[PDB]
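Structure, as structure tokens:
The analysis underlying the following values was restricted to heavy atoms, covering all of them including side chains, and did not include hydrogens, waters or symmetry mates. Note on naming: letters A, B, ... go to the chains in the order of the sequence lines (proteins, then strands), and numbering restarts at 1 for each one.
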There are 2 protein chains.
Amino acid sequence: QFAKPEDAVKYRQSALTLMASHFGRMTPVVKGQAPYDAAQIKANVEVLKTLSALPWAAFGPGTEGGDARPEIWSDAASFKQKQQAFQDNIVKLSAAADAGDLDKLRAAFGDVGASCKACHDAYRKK
Amino acid sequence: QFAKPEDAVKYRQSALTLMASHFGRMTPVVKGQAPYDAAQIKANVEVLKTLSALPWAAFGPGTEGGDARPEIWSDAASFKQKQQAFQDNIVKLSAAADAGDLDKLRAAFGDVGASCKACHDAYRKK
Ligand code: HEC
Ligand code: HEC
């Protein structure tokens, strides 16, 4: 859906920005600094699930640019493992949110955050 | 979820960018320049439905900035009518996509596009 590489870059950066907001806005809830409303969190994690599937299709071959490292494309299998693993961490978060289980939510939230960082360490420029 | 107005601005601009891509990428399909795969379009419109609900919460009071016109906030009811009308145009598009009905898809796609423009004409700076 991208006329030029720059359009793929803009798309993925926007998708990742929205992910970061839908993830990060739960930090006060996880920490107990804001109240836990199970329905609110269930709905928010549903949005995050949808968003978390979006960036990867905008790293199609030849879409070097932005702060993407070239290693994304020199080993397509390893990058795919990282995004699939990330999305399965999001599945655990969804399951916790759907269950209304704050303890499971906290644990899953930490694992999701670790998975964001694991990808950045390998694939995002400083 | 926004520490400063700038964070709301960045969020809504990213959400609108993603909407524009999920909407605009169907133009060749509507025009018959690309093939119509009912399942592909159903899935894409589901994504668009989710995204189309997101920008509005990031025009909270005091989040003037970007290319948002101040009229968004001086008549909250009228802005809300426009975004709700837009989302109901998206509902028609969803219904068409879910039905696998290309004629209804075309018609709904045109009405959605008109609704984007109607809001821009009133509420987006040149
Ligand atoms: C690889 C499988 C990634 C996972 C998982 C996550 N992110 Fe990431 N992110 C990745 C790359 C390669 C890039 C650079 C994209 C580019 O072309 O520039 C990024 C970037 C971001 C950004 C900045 C977006 C922007 O506005 O330019 C943010 C805010 C971001 N990423 C956040 C984020 C969070 C919170 C994640 C887990 C919930 C996450 N990313 C996962 C690669 C990957
Ligand atoms: C009002 C109810 C709107 C509807 C419906 C749509 N858009 Fe719009 N859009 C609106 C505003 C007020 C703004 C400015 C936001 C800001 O603070 O700068 C915009 C902006 C866009 C953009 C630019 C985003 C960016 O990268 O800065 C795009 C690409 C865009 N809008 C597209 C778009 C499409 C395709 C719509 C219908 C499917 C649509 N918008 C609806 C207000 C409203």
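Contact record, A:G100 with A:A38: CA-CB, 4.2 Å, taken as the closest heavy-atom pair. The minimum heavy-atom distance between B:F2 and B:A57, with the atom names listed, is CE1-O, 4.3 Å. In plain terms, the two heavy atoms of B:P55 and B:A15 that are nearest each other are CG-CB, 3.9 Å. Of all heavy-atom pairs between A:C119 and A:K82, the closest is CA-CD, 3.8 Å. In this structure, B:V30 and B:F109 approach most closely via the heavy-atom pair CG2-CG, 3.7 Å.
The hydrophobic cluster containing B:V45 also contains A:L54, counting ILVMFWY residues as joined when their side-chain heavy atoms lie under 4.5 angstrom apart, directly or transitively. Residues A:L105 and A:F86 are members of one and the same hydrophobic cluster, defined by side-chain heavy-atom contacts under 4.5 angstrom among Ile, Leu, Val, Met, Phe, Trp and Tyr. Cluster annotation: A:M26 is connected to A:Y36 through the hydrophobic network of ILVMFWY side chains, with a link wherever side-chain heavy atoms come within less than 4.5 Å.
Taking 4.5 Å as the limit, every side-chain heavy atom of B:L16 sits out of range of all side-chain heavy atoms of B:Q13.
With hydrogens and angles ignored, the 3.5 Å screen pairs no side-chain donor or acceptor of B:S115 with any backbone N or O of B:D111. Put simply, the side chain of B:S52 never gets that close to the backbone of B:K49: no donor and acceptor are under 3.5 Å apart. Judged purely by atom type and a 3.5 angstrom limit, A:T27 uses its side chain to pair as donor or acceptor with the backbone of A:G24. B:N89 places a side-chain N or O within donor-acceptor distance of the main-chain N or O of B:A85, the cut-off being under 3.5 Å. Put simply, the side chain of B:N44 gets close to the backbone of B:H22: a donor and an acceptor are under 3.5 Å apart.
At most 12 non-hydrogen atoms from other residues, nucleotides or ligands lie less than 6.0 angstrom from CZ of B:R106. Sparse packing is recorded around CD of A:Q81, with 12 or fewer heavy atoms of other residues, nucleotides or ligands lying under 6.0 Å away.
Salt-bridge formation is detected for the pair B:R69/B:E71: a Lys NZ or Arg NE/NH1/NH2 atom is positioned less than 4.0 Å from an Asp or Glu carboxylate oxygen. Between A:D88 and A:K92 there is no salt bridge, since no side-chain nitrogen of the basic residue lies less than 4.0 Å from a carboxylate oxygen of the acidic one.
Ring geometry, A:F59 versus A:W73: the interplanar angle falls from 30° to 60°, so the pair is classed tilted.
Under the side-chain contact (heavy atoms from CB on, under 4.5 Å) rule, B:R12 has a single partner from B:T63, B:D7, B:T17, which is B:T63.
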